[PDB]
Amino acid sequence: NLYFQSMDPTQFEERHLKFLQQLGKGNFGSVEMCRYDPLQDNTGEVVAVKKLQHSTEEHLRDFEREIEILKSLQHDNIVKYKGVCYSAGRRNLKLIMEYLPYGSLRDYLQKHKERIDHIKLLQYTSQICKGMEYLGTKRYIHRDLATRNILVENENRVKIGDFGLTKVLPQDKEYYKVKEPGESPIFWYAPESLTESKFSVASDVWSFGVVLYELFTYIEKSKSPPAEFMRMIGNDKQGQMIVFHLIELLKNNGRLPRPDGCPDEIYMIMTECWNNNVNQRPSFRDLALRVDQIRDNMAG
């Protein structure tokens, strides 16, 4: 009470934060591109600015947690925290982060196939695993790993973003049981997350297997995880029946198919990530090493 938590409300002052562009919607919120131009000279750093879409009390609390999580992370493959802007005369909050010009990896794979080959896909895979290794050291569970939530700086660098669903493991447990769920990205979820609301490093590994699938499908029409799972389940199914059939399919070894042109060895990594036995899934350290060895074992 006596002394409020340390904040730097003069680091990004609203009057100097200039709108450049609307970018998109990250889990609970909206993101814009702005320029921070304190020397009112039409220059300054270009930044991404996340704001809430519905500024309820509960959402503001969740947003504070997301901000504290991101501020605690510093890694080449994690989107950079820059600060907070307390706008509306210090009666609102916005998160200031670095801006990555190529947007989401999901969009980049679709818009920039001219510059993507398997080498690049494996580089992105490696980078994602290394970011995730780093999150694990902090006991953070991302809970929404998907190509839509990975951002592209340039042809040789991607970074994990969207920490809006991230949870911190309890001190004494290796899983977090989410007792509030929102809308869930079910087609990226591990079976124990679907059936028990349990999230862990190992369920992030499951979702990483889906990301690896996404990369090798090159975000092709009809090959997305939702499209393929719905084809397997029955495209006419609606509502909870979808979830019931997804659970049953996964529990009895139904899996996304090997993408066209995907090496068997990469599909094997996917299928090892998609182990119903939580403890048998590889670690992110295992995966980064394996992917880098595959890359390094190529000629040259």
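In case it trips you up, residue 1 is the first one in the sequence shown, and so on.
Asks: Between 236-244 and 35-43, which has the larger average Cα B-factor in the PDB entry?
Replies: The entry gives the higher C-alpha B-factor average to 35-43.
Asks: Output the stretch having the higher mean C-alpha B factor in the entry; the candidates are 285-293 and 21-29.
Replies: So the stretch with the higher mean C-alpha B-factor is 21-29.
Asks: Highest recorded C-alpha temperature factor, please, choosing from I96, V178, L135, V201.
Replies: Across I96, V178, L135, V201, the entry lists the biggest C-alpha B-factor for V178.
Asks: For the listed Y124, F163, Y218, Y140, which has the peak Cα B-factor recorded in the PDB entry?
Replies: Answer, based on the entry's C-alpha B-factors: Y218.
Asks: Could you say whether, by C-alpha temperature factor, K130 belongs to the lowest, middle or highest third of its chain?
Replies: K130: CA B-factor falls in the lowest third of its chain.
Asks: Sorting the chain's CA B-factors, does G89 end up in the lowest, middle or highest third?
Replies: CA B-factor rank for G89: middle third.
Asks: Taking the C-alpha B-factors as the PDB entry records them, is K111 in the lowest, middle or highest third of its chain?
Replies: It falls in the top third of the chain.
Asks: Considering only modelled residues of the same chain, in which third does the CA B-factor of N77 rank: lowest, middle or highest?
Replies: Lowest third.
Asks: By the recorded C-alpha temperature factor, relative to the other modelled residues in its chain, which third is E58 in?
Replies: Highest third of the chain for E58's C-alpha B-factor.
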